[PDB]
Amino acid sequence: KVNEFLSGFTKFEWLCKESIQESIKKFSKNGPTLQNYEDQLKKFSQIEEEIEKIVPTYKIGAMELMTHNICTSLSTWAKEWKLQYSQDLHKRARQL
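Residues numbered from 1 in each chain as written, not as in the entry; some residues may be left out. Part of a larger assembly, values for the part shown. Heavy atoms only, no water. Residues with missing side-chain atoms left out of burial classes, pairs and counts.

If you check the header, you'll see the entry was determined by cryo-EM and the resolution is listed as 8 Å.

You'll find the chain entered in the PDB entry as Dynein heavy chain, outer arm protein, with Tetrahymena thermophila CU428 given as the organism. The record lists its title as "The structure of the Tetrahymena thermophila outer dynein arm on doublet microtubule".

**A word on the packing of helix α3 (residues 21–29) against helix α5 (residues 67–95)**
To keep it simple, the criterion reads: Note on definitions: angles span 0 to 180 degrees between N-to-C directions of axes, and those axes are lines fitted to C-alpha atoms, for helices only across the stretch in contact. Numbering goes from the N terminus for both helices and strands, where a helix is a DSSP run of H or I of at least four residues and a strand is a run of E of at least two. Should an angle fall under 35 degrees it is taken as roughly parallel, and over 145 as roughly antiparallel, whereas 65 to 115 is taken as roughly perpendicular and any remaining angle as oblique. The crossing is said to be left-handed when, going from far helix to near helix, the turn is anticlockwise and less than a right angle, and right-handed when the turn is clockwise. In what follows, residue pairs with any heavy atoms lying within 4.5 Å of each other are defined as contacts.
In contact at an axis separation of 11 Å, α3 and α5 are set at 40° when each is read in the N-to-C sense. As judged from the angle between their axes, α3 and α5 are oblique. Here α3 runs over α5; the crossing is right-handed. Between α3, through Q21, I24, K25 and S28, and α5, the contact on the second element is made entirely by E80, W81, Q84, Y85, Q87, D88, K91 and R92.

**A closer look at the packing of aromatic side chains**
Applicable threshold: For this analysis, a ring pair means two rings from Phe, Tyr or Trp (six-membered ring only for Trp) whose centres lie within 6.5 Å, classed as stacked if their planes differ by under 30 degrees, edge-to-face if by over 60, and tilted for the remaining angles. For the exposure calls, accessible area comes from a 1.4 Å probe over protein chains only, and a residue counts as buried if that area is under 20% of its type's maximum, exposed if over 50%, partly exposed in between.
Under the definition given, this model contains 3 aromatic pairs. Judged by centre distance (4.0 Å) and plane angle (35°), the rings of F5 and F9 are tilted. Taken as a pair, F5 and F9 share a single burial class, namely buried. Between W14 and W81, the ring centres sit 6.4 Å apart and the planes meet at 0°, which makes this aromatic pair stacked. Within this pair, whereas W14 is found in helix α2 (residues 10–18), its partner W81 is found in helix α5, the two being separated by 67 residues in sequence. For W14, a relative accessible area of 44% puts it in the partly exposed group. Chaining the aromatic ring pairs together yields one cluster made of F5, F9 and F12.

The structure is reproduced here in structure tokens:
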């Protein structure tokens with residue numbers, strides 16, 4: 001049951017791979033539009049919505065889990081991409 005939770009949450013673990021700078025740099029090399037940047041910010045806010053959606057806290061048999069730790073991890077991981085987006089926005093302004 002833990003692993004079922006974990007499988008539902010691999011999509012959220014995607015943060016760990018996406019946190020690499022190379023992914024955001026490939027997407028930035030794509031030269032996306034302002035609407036695209038806004039779409040990533042919005043998908044990011046939706047990620048945050050899922051981060052607060054840590055409702056499952058069922059005691060796994062006779063074991064109680066610490067979900068707030070996971071939530072905090074996800075939130076920090078998250079914040080990474082927003083700071084990345086601000087820093088690339090500034091250099092777009094620079095070049096153009």
